[PDB]
Amino acid sequence: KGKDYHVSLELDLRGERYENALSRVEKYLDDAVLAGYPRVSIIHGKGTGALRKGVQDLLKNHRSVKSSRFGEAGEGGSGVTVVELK
Amino acid sequence: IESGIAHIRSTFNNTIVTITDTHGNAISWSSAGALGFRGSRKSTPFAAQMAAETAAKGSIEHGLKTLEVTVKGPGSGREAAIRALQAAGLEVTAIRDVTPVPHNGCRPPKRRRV
RNA sequence: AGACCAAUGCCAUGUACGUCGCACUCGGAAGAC
């Protein structure tokens, strides 16, 4: 039984660096292993570059994620990275 | 047919998309009305986003990879279609904000509330 | 301060560098007491 630890459905990493973002993102993605859920959305605001490429590549290589897709009209256009869980 | 130029009009009612060659020769085009939006929905960013990937699909089969985009007029479709292009797998090398800005031009039409 | 000091088989001994960045839009009709 998985009951002693809780999981959420949204990620917030405003202004984080590449490696800190990696550390928090991997934990966030692996949290739902025992409590799966449909998908999640990622928002930062704005930044000084394009680490979305690395984030998307890691998500597509993630073991417990079936796939990753993008957002509809209610999800800030198709620019928002959406992680489709199993 | 490897390089081209994608032109998109960003109006307040519609968003056209057209691609051309460096010699200014068209290949294919699309639009919200082309896809099936008839009303004010054509002005939504979603309609322009759809327009983007249909233009991309009409582009690939003729074998063009690299693009650079010219945007005309102000509208909600400014941000949608440009990133829809790279969402469609293509590669857009530059963004050009070319709009007709006359120095004085012609006297504009009357006001909307008289 | 002032006695005695003759000698150390062969090789090669390293490793070692050239560092940085994430994402949201403009708006019908409505008369009179």
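As annotated in the PDB entry, chain B carries the name 30S ribosomal protein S11 and comes from Bacillus subtilis. For this structure, the PDB header gives the title as "Bacillus subtilis MutS2-collided disome complex (stalled 70S)".

Going by the annotation in the PDB entry, the name recorded for chain A is Endonuclease MutS2, with Bacillus subtilis given as the source organism.

## Topic: the nonpolar core
Soluble, globular proteins show a tendency: their nonpolar side chains are buried together. One finds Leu11, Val25, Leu29, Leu59, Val65 and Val83 of chain A to be the most contacted residues of the largest nonpolar core, which totals 13 residues. Elements represented by at least two residues in this core include exactly α1 (18-31), β2 (39-43) and β4 (81-85) of chain A. No other element matches the three residues that α1 of chain A contributes to this core. Discounting residues that sit within four places of it in the chain, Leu29 of chain A has contacts with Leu58, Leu59, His62, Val65 and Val83 of chain A. Counting eleven residues, the second-largest nonpolar core is a separate cluster that includes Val17, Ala52, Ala55 and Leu85 of chain B.

## A few points about the protein's contact with RNA strand C
All names here are of chain A. Taken together, 21 residues lie around RNA strand C, and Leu13, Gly47, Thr48, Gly49 and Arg52 are the ones closest in. Within 4 Å of the protein, the contacting atoms of RNA strand C are drawn from sugar and phosphate to the extent of 50%. Between RNA strand C and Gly45, the relevant distance is 3.0 Å, taken from a phosphate oxygen to a main-chain nitrogen or oxygen of the residue. Here a sugar or linking oxygen of RNA strand C and a backbone polar atom of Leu51 are 3.3 Å apart.

Parameters and conventions
Residues numbered from 1 in each chain as written, not as in the entry; some residues may be left out. Chains lettered and ligands numbered in written order. Part of a larger assembly, values for the part shown. Heavy atoms only, no water. Core = buried A, V, L, I, M, F, W, Y, C linked by side-chain atoms within 4.5 Å. Buried < 20%, exposed > 50% of the residue type's maximum accessible area, 1.4 Å probe, protein only. Helix = DSSP H or I, 4+ residues; strand = E, 2+ residues; numbered from the N terminus. Contact = heavy atoms within 4.5 Å. Near = heavy atom within 4 Å. Polar contact = N/O pair within 3.5 Å; in protein donor to acceptor, adjacent residues only side chain to side chain.

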